[PDB]
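Source file model-v7.pdb; content: PDB, C-alpha atoms.
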ATOM      1  CA  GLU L2430     -16.507  11.168  -4.677  1.00  0.00           C
ATOM      2  CA  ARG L2431     -18.229   8.227  -2.993  1.00  0.00           C
ATOM      3  CA  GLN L2432     -17.444   6.099  -6.012  1.00  0.00           C
ATOM      4  CA  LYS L2433     -13.819   7.083  -6.030  1.00  0.00           C
ATOM      5  CA  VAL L2434     -13.320   6.367  -2.328  1.00  0.00           C
ATOM      6  CA  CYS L2435     -15.272   3.094  -2.348  1.00  0.00           C
ATOM      7  CA  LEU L2436     -13.035   1.831  -5.124  1.00  0.00           C
ATOM      8  CA  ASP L2437      -9.902   2.966  -3.356  1.00  0.00           C
ATOM      9  CA  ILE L2438     -10.877   0.893  -0.341  1.00  0.00           C
ATOM     10  CA  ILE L2439     -11.547  -2.181  -2.478  1.00  0.00           C
ATOM     11  CA  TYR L2440      -8.144  -1.813  -4.091  1.00  0.00           C
ATOM     12  CA  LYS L2441      -6.752  -1.985  -0.548  1.00  0.00           C
ATOM     13  CA  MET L2442      -8.727  -4.980   0.708  1.00  0.00           C
ATOM     14  CA  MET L2443      -8.018  -7.393  -2.150  1.00  0.00           C
ATOM     15  CA  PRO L2444      -5.060  -9.580  -0.934  1.00  0.00           C
ATOM     16  CA  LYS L2445      -6.908 -11.047   2.039  1.00  0.00           C
ATOM     17  CA  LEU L2446     -10.212 -12.053   0.429  1.00  0.00           C
ATOM     18  CA  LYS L2447     -11.031 -15.639  -0.402  1.00  0.00           C
ATOM     19  CA  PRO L2448     -12.420 -16.287  -3.910  1.00  0.00           C
ATOM     20  CA  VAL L2449     -15.856 -17.150  -2.501  1.00  0.00           C
ATOM     21  CA  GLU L2450     -16.506 -13.421  -2.000  1.00  0.00           C
ATOM     22  CA  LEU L2451     -14.264 -11.684  -4.545  1.00  0.00           C
ATOM     23  CA  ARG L2452     -16.702 -13.075  -7.112  1.00  0.00           C
ATOM     24  CA  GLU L2453     -19.468 -11.237  -5.292  1.00  0.00           C
ATOM     25  CA  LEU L2454     -17.581  -7.949  -5.131  1.00  0.00           C
ATOM     26  CA  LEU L2455     -16.404  -8.200  -8.759  1.00  0.00           C
ATOM     27  CA  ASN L2456     -19.933  -8.120 -10.147  1.00  0.00           C
ATOM     28  CA  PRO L2457     -20.546  -4.358  -9.533  1.00  0.00           C
ATOM     29  CA  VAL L2458     -16.938  -3.263 -10.107  1.00  0.00           C
ATOM     30  CA  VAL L2459     -16.875  -4.289 -13.768  1.00  0.00           C
ATOM     31  CA  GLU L2460     -20.082  -2.402 -14.488  1.00  0.00           C
ATOM     32  CA  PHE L2461     -17.969   0.779 -14.405  1.00  0.00           C
ATOM     33  CA  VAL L2462     -16.996   0.686 -18.085  1.00  0.00           C
ATOM     34  CA  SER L2463     -19.969   2.923 -18.942  1.00  0.00           C
ATOM     35  CA  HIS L2464     -18.961   5.663 -16.520  1.00  0.00           C
ATOM     36  CA  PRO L2465     -17.678   9.215 -16.988  1.00  0.00           C
ATOM     37  CA  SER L2466     -15.212  10.878 -14.562  1.00  0.00           C
ATOM     38  CA  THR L2467     -12.078   9.174 -15.888  1.00  0.00           C
ATOM     39  CA  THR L2468     -10.245   8.933 -12.546  1.00  0.00           C
ATOM     40  CA  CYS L2469     -12.733   6.373 -11.203  1.00  0.00           C
ATOM     41  CA  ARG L2470     -12.532   4.405 -14.440  1.00  0.00           C
ATOM     42  CA  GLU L2471      -8.757   4.503 -14.033  1.00  0.00           C
ATOM     43  CA  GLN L2472      -9.172   2.935 -10.589  1.00  0.00           C
ATOM     44  CA  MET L2473     -11.459   0.266 -12.037  1.00  0.00           C
ATOM     45  CA  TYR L2474      -8.892  -0.560 -14.702  1.00  0.00           C
ATOM     46  CA  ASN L2475      -6.196  -0.594 -12.014  1.00  0.00           C
ATOM     47  CA  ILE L2476      -7.650  -3.247  -9.733  1.00  0.00           C
ATOM     48  CA  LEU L2477      -8.248  -5.673 -12.626  1.00  0.00           C
ATOM     49  CA  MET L2478      -4.603  -5.339 -13.658  1.00  0.00           C
ATOM     50  CA  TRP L2479      -3.825  -7.017 -10.329  1.00  0.00           C
ATOM     51  CA  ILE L2480      -6.696  -9.535 -10.439  1.00  0.00           C
ATOM     52  CA  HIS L2481      -5.516 -10.893 -13.784  1.00  0.00           C
ATOM     53  CA  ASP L2482      -1.904 -11.014 -12.623  1.00  0.00           C
ATOM     54  CA  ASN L2483      -2.532 -12.837  -9.332  1.00  0.00           C
ATOM     55  CA  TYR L2484      -5.402 -15.103 -10.409  1.00  0.00           C
ATOM     56  CA  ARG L2485      -3.639 -16.418 -13.522  1.00  0.00           C
ATOM     57  CA  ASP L2486      -3.372 -19.771 -11.655  1.00  0.00           C
ATOM     58  CA  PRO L2487      -0.878 -21.774 -13.760  1.00  0.00           C
ATOM     59  CA  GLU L2488      -2.760 -25.102 -13.884  1.00  0.00           C
ATOM     60  CA  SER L2489      -3.912 -25.705 -10.331  1.00  0.00           C
ATOM     61  CA  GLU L2490      -7.417 -26.772 -11.480  1.00  0.00           C
ATOM     62  CA  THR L2491      -9.018 -27.272  -8.076  1.00  0.00           C
ATOM     63  CA  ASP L2492     -11.612 -24.480  -7.853  1.00  0.00           C
ATOM     64  CA  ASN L2493     -14.150 -23.041 -10.294  1.00  0.00           C
ATOM     65  CA  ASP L2494     -14.591 -19.462  -9.049  1.00  0.00           C
ATOM     66  CA  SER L2495     -10.836 -18.950  -9.344  1.00  0.00           C
ATOM     67  CA  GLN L2496     -11.164 -19.753 -13.049  1.00  0.00           C
ATOM     68  CA  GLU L2497     -14.458 -17.895 -13.508  1.00  0.00           C
ATOM     69  CA  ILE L2498     -13.417 -14.488 -12.201  1.00  0.00           C
ATOM     70  CA  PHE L2499     -10.322 -14.737 -14.381  1.00  0.00           C
ATOM     71  CA  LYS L2500     -12.769 -14.998 -17.284  1.00  0.00           C
ATOM     72  CA  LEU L2501     -14.783 -12.025 -16.034  1.00  0.00           C
ATOM     73  CA  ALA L2502     -11.566  -9.991 -15.642  1.00  0.00           C
ATOM     74  CA  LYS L2503     -10.516 -10.952 -19.135  1.00  0.00           C
ATOM     75  CA  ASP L2504     -13.872  -9.699 -20.417  1.00  0.00           C
ATOM     76  CA  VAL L2505     -13.330  -6.074 -19.289  1.00  0.00           C
ATOM     77  CA  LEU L2506      -9.584  -5.893 -19.798  1.00  0.00           C
ATOM     78  CA  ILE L2507     -10.385  -6.609 -23.432  1.00  0.00           C
ATOM     79  CA  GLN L2508     -13.257  -4.090 -23.740  1.00  0.00           C
ATOM     80  CA  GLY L2509     -10.992  -1.408 -22.274  1.00  0.00           C
ATOM     81  CA  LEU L2510      -9.280  -0.767 -25.570  1.00  0.00           C
ATOM     82  CA  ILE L2511     -11.954   1.500 -27.107  1.00  0.00           C
ATOM     83  CA  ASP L2512     -12.549   3.853 -24.184  1.00  0.00           C
ATOM     84  CA  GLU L2513     -13.539   7.398 -25.097  1.00  0.00           C
ATOM     85  CA  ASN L2514     -10.537   9.041 -23.384  1.00  0.00           C
ATOM     86  CA  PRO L2515      -7.111   8.752 -25.055  1.00  0.00           C
ATOM     87  CA  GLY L2516      -4.036   8.834 -22.872  1.00  0.00           C
ATOM     88  CA  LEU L2517      -5.752   6.346 -20.586  1.00  0.00           C
ATOM     89  CA  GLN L2518      -5.728   3.549 -23.152  1.00  0.00           C
ATOM     90  CA  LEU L2519      -1.976   3.907 -23.712  1.00  0.00           C
ATOM     91  CA  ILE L2520      -1.567   2.434 -20.220  1.00  0.00           C
ATOM     92  CA  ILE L2521      -3.579  -0.635 -21.217  1.00  0.00           C
ATOM     93  CA  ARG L2522      -1.671  -0.912 -24.500  1.00  0.00           C
ATOM     94  CA  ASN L2523       1.658  -0.907 -22.660  1.00  0.00           C
ATOM     95  CA  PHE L2524       0.137  -3.487 -20.299  1.00  0.00           C
ATOM     96  CA  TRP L2525      -0.963  -5.923 -23.020  1.00  0.00           C
ATOM     97  CA  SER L2526       2.201  -5.306 -25.092  1.00  0.00           C
ATOM     98  CA  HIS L2527       4.659  -6.889 -22.628  1.00  0.00           C
ATOM     99  CA  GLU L2528       6.321 -10.287 -22.438  1.00  0.00           C
ATOM    100  CA  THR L2529       4.675 -13.231 -20.553  1.00  0.00           C
ATOM    101  CA  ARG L2530       1.287 -11.769 -21.512  1.00  0.00           C
ATOM    102  CA  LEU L2531       1.966 -11.784 -25.299  1.00  0.00           C
ATOM    103  CA  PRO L2532       5.170 -13.343 -26.713  1.00  0.00           C
ATOM    104  CA  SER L2533       7.804 -11.815 -28.994  1.00  0.00           C
ATOM    105  CA  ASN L2534       8.524 -14.420 -31.676  1.00  0.00           C
ATOM    106  CA  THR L2535       5.740 -12.827 -33.870  1.00  0.00           C
ATOM    107  CA  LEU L2536       4.415 -16.176 -35.017  1.00  0.00           C
ATOM    108  CA  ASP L2537       3.633 -16.980 -31.415  1.00  0.00           C
ATOM    109  CA  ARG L2538       2.089 -13.506 -31.255  1.00  0.00           C
ATOM    110  CA  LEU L2539       0.035 -14.071 -34.408  1.00  0.00           C
ATOM    111  CA  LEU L2540      -1.166 -17.370 -32.976  1.00  0.00           C
ATOM    112  CA  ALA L2541      -1.965 -15.778 -29.613  1.00  0.00           C
ATOM    113  CA  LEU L2542      -3.817 -12.808 -31.111  1.00  0.00           C
ATOM    114  CA  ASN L2543      -7.025 -14.792 -31.626  1.00  0.00           C
ATOM    115  CA  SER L2544      -7.468 -15.409 -27.896  1.00  0.00           C
ATOM    116  CA  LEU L2545      -8.088 -11.754 -27.085  1.00  0.00           C
ATOM    117  CA  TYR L2546     -10.951 -11.267 -29.534  1.00  0.00           C
ATOM    118  CA  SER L2547     -14.142 -10.746 -27.418  1.00  0.00           C
ATOM    119  CA  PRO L2548     -16.885  -9.531 -29.839  1.00  0.00           C
ATOM    120  CA  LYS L2549     -17.647  -6.441 -27.756  1.00  0.00           C
ATOM    121  CA  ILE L2550     -14.779  -5.123 -29.899  1.00  0.00           C
TER     122      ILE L2550
END
Translate this structure into C-alpha coordinates?
Amino acid sequence: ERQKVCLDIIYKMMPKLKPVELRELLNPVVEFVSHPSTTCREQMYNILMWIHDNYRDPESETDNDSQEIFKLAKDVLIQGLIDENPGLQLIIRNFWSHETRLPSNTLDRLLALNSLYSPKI
(Lines of atoms letter the chains of each structure in order from A and count residues from 1; the text may use other names and numbers.)
(Lines give C-alpha, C1' and ligand atoms only; values in the text may rest on other atoms or scores of the structure.)
Protein backbone atom coordinates (compact mmCIF):
# COMPACT_ATOMS: atom_id res chain seq x y z
CA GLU A 1 0.00 0.00 0.00
CA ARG A 2 2.94 2.31 0.67
CA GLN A 3 4.22 1.63 -2.82
CA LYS A 4 0.89 2.36 -4.40
CA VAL A 5 0.42 5.66 -2.56
CA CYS A 6 4.02 6.83 -3.06
CA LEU A 7 3.61 6.35 -6.79
CA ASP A 8 0.28 8.12 -6.83
CA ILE A 9 1.89 11.17 -5.27
CA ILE A 10 4.73 11.15 -7.81
CA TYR A 11 2.21 10.99 -10.63
CA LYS A 12 0.76 14.18 -9.14
CA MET A 13 3.99 16.12 -8.64
CA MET A 14 5.48 15.69 -12.11
CA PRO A 15 4.53 18.92 -14.04
CA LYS A 16 6.41 21.27 -11.72
CA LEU A 17 9.76 19.48 -11.41
CA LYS A 18 12.84 20.66 -13.24
CA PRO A 19 14.83 17.97 -15.11
CA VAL A 20 17.72 18.25 -12.64
CA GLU A 21 15.68 16.22 -10.13
CA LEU A 22 13.28 14.17 -12.26
CA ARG A 23 16.38 12.22 -13.27
CA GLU A 24 16.95 11.48 -9.60
CA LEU A 25 13.38 10.37 -8.96
CA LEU A 26 13.22 8.30 -12.17
CA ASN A 27 15.99 5.96 -11.06
CA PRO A 28 13.89 4.00 -8.48
CA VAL A 29 10.59 4.26 -10.37
CA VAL A 30 11.77 2.21 -13.35
CA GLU A 31 13.02 -0.58 -11.10
CA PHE A 32 9.37 -1.60 -10.70
CA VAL A 33 9.27 -3.87 -13.75
CA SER A 34 10.13 -6.87 -11.56
CA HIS A 35 7.23 -6.33 -9.18
CA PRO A 36 4.02 -8.27 -8.50
CA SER A 37 0.74 -6.57 -7.47
CA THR A 38 -0.27 -5.41 -10.95
CA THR A 39 -1.98 -2.17 -9.88
CA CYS A 40 1.34 -0.61 -8.81
CA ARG A 41 2.97 -1.75 -12.04
CA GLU A 42 0.05 -0.14 -13.86
CA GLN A 43 0.86 3.13 -12.08
CA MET A 44 4.52 2.79 -13.05
CA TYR A 45 3.56 2.26 -16.68
CA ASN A 46 1.18 5.22 -16.43
CA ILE A 47 3.65 7.89 -15.37
CA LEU A 48 6.12 6.97 -18.14
CA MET A 49 3.36 7.35 -20.73
CA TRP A 50 3.37 11.03 -19.76
CA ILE A 51 7.16 11.37 -19.43
CA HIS A 52 7.69 10.15 -22.99
CA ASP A 53 4.91 12.37 -24.31
CA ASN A 54 6.07 15.60 -22.65
CA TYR A 55 9.84 15.09 -22.84
CA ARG A 56 9.87 14.22 -26.55
CA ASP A 57 11.59 17.63 -27.08
CA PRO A 58 11.37 18.16 -30.87
CA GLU A 59 14.96 19.32 -31.50
CA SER A 60 15.67 21.84 -28.77
CA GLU A 61 19.14 20.35 -28.07
CA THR A 62 20.13 22.54 -25.14
CA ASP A 63 20.19 20.14 -22.17
CA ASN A 64 21.50 16.61 -21.66
CA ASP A 65 19.30 15.28 -18.85
CA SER A 66 16.22 16.13 -20.92
CA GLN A 67 17.56 13.78 -23.60
CA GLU A 68 18.85 11.17 -21.14
CA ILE A 69 15.65 10.52 -19.20
CA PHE A 70 13.85 10.20 -22.53
CA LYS A 71 16.28 7.35 -23.21
CA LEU A 72 15.63 5.80 -19.79
CA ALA A 73 11.86 6.07 -20.37
CA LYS A 74 12.24 4.47 -23.76
CA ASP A 75 14.10 1.59 -22.11
CA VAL A 76 11.16 0.50 -19.90
CA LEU A 77 8.34 1.38 -22.27
CA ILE A 78 9.96 -1.14 -24.59
CA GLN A 79 10.49 -3.87 -21.95
CA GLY A 80 6.83 -3.53 -20.96
CA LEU A 81 5.64 -5.69 -23.81
CA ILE A 82 6.37 -9.09 -22.23
CA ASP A 83 4.83 -8.54 -18.80
CA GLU A 84 3.38 -11.63 -17.13
CA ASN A 85 -0.18 -10.24 -16.89
CA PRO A 86 -2.27 -10.05 -20.08
CA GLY A 87 -4.93 -7.39 -20.32
CA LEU A 88 -2.38 -4.90 -19.03
CA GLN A 89 -0.18 -5.14 -22.12
CA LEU A 90 -3.11 -4.40 -24.44
CA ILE A 91 -2.98 -0.85 -23.05
CA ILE A 92 0.67 -0.52 -24.07
CA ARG A 93 -0.06 -2.06 -27.47
CA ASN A 94 -2.81 0.48 -28.13
CA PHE A 95 -0.35 3.15 -26.94
CA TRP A 96 2.47 2.18 -29.31
CA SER A 97 0.04 1.46 -32.19
CA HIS A 98 -1.12 5.07 -32.70
CA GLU A 99 -0.16 7.78 -35.16
CA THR A 100 2.70 10.27 -34.40
CA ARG A 101 4.40 7.49 -32.42
CA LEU A 102 4.48 4.98 -35.33
CA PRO A 103 3.35 6.02 -38.84
CA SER A 104 0.74 4.42 -41.12
CA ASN A 105 2.33 4.24 -44.57
CA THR A 106 3.68 0.71 -43.69
CA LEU A 107 7.03 1.33 -45.33
CA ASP A 108 7.58 4.14 -42.87
CA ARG A 109 6.43 1.68 -40.21
CA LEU A 110 8.80 -1.03 -41.43
CA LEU A 111 11.63 1.49 -41.39
CA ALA A 112 10.67 2.73 -37.92
CA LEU A 113 10.32 -0.76 -36.43
CA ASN A 114 14.08 -1.15 -35.93
CA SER A 115 14.24 1.77 -33.49
CA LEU A 116 12.18 0.01 -30.82
CA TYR A 117 14.36 -3.09 -30.60
CA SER A 118 16.06 -3.01 -27.13
CA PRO A 119 17.66 -6.47 -26.61
CA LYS A 120 15.89 -7.03 -23.29
CA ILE A 121 13.23 -8.31 -25.70
Ground truth for the PyMOL selection byres ((chain L and resi 2472) around 10), written as an MDAnalysis selection string: chainID L and resid 2432:2434 2436:2437 2439:2440 2458 2461 2467:2471 2473:2478
Close residues, residue 2494 in chain L itself excluded, 12 Å, only C-alpha atoms, min 6 positions apart in chain, as an MDAnalysis selection string: chainID L and resid 2447:2453 2455 2484 2486 2500:2502
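One finds CA of residue 2454 in chain L at 12.1 Å from CA of residue 2438 in chain L.
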Report as JSON the centre and the edge lengths, in Å to one decimal, of the axis-aligned box holding every listed atom of range 2475-2480 of chain L, padded by 3 Å on each side.
{"center_x": -6.0, "center_y": -5.1, "center_z": -11.7, "size_x": 10.4, "size_y": 14.9, "size_z": 9.9}
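Proximity to residue 2510 in chain L was assessed for L:2536, L:2550, L:2480, L:2498 counting all atoms listed in the file; the smallest distance is recorded for L:2550.
Here CA of residue 2499 in chain L and CA of residue 2435 in chain L stand 22.1 Å from one another.
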Nearest candidate to residue 2443 in chain L (options L:2543, L:2479, L:2537, L:2465; using all atoms listed in the file): L:2479
The PyMOL selection byres ((chain L and resi 2524) around 12) applied to the shown file, residues as a PyMOL selection string: chain L and resi 2474-2475+2477-2479+2481-2482+2506-2507+2509-2510+2517-2523+2525-2531
Selected residue of minimal separation from residue 2503 in chain L among L:2485, L:2441, L:2430, L:2533, counting all atoms listed in the file: L:2485
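Computed from the coordinates, the CA of residue 2548 in chain L to CA of residue 2505 in chain L distance equals 11.7 Å.
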